[PDB]
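1. sharing an experimental structure here, sequence included.
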Number of protein chains: 2
Amino acid sequence: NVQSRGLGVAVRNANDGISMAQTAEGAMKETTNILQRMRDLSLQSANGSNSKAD
Amino acid sequence: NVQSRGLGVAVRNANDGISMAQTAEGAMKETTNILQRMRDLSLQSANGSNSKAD
């Protein structure tokens, strides 16, 4: 009975861990997409055609 | 006759001993009922998921 109840809260605890992991993974994509945008536009700026104002 | 009456109060005697045995047992099941509740929520609070306020 102790083990059965302990497992009942154990799956709850791992559900909390899986929820925290995916919520950090949600902010993971927002960061990765922003980083990709900087890299893409850095190549755009690296071209010598545009002037300093651009 | 002495033995017969002595046994008669002896059945009453051991029945009283039985009665206090079950009264203690009645508080026994409730005592372990709280202890199981303590242990289960201690498992719940052992995660890093909850903060200090929880």
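-> Yep, it's here. Residues are numbered from 1 along each chain as shown, chains lettered A, B, ... in the order given.

2. from now on I want contacts and neighbour counts done on CA atoms only, so please keep to that.
-> Fine.

3. element containing the most centrally placed residue in chain A?
-> Chain A has residue A:28 as the residue nearest its centroid, 0.8 Å off, counting by Cα atoms, centre = their mean. Assessed by DSSP states H and E, residue A:28 sits inside helix A:2-46.

4. that helix - contacts with which helices or strands?
-> In terms of contacts (3 or more Cα pairs under 8 Å, 6 or more residues apart in numbering or on different chains; DSSP states H and E), helix A:2-46 is packed against helix B:2-44.

5. could you check the angle the helix it packs on makes with helix A:2-46?
-> 0 degrees (axes from the mean of the first three to the mean of the last three Cα atoms, to 10 degrees).

6. ok so, going back, can you give the distance of the helix holding residue A:28 from its chain's centre?
-> Per Cα atoms, centre = their mean, to the nearest Å, the displacement of helix A:2-46 from the mean C-alpha position of its chain is 5 Å.

7. what about the nearest residue to residue A:5 once chain neighbours are set aside, how many neighbours?
-> Spatial nearest neighbour of residue A:5, chain neighbours left out: residue B:40 (6.5 Å); criterion: Cα to Cα, 6 or more residues apart in numbering or on different chains. Neighbour count for residue B:40, taken as other Cα atoms under 10 Å in any protein chain shown: 20.

8. now do residue A:16
-> 15.

9. need the contact list for it.
-> Applying Cα atoms under 8 Å, 6 or more residues apart in numbering or on different chains to residue A:16 gives the contacts residue B:49.

10. mind doing that once more with 10 Å?
-> If you count contacts by Cα atoms under 10 Å, 6 or more residues apart in numbering or on different chains, residue A:16 has them with A:10, B:47, B:48, B:49, B:50.
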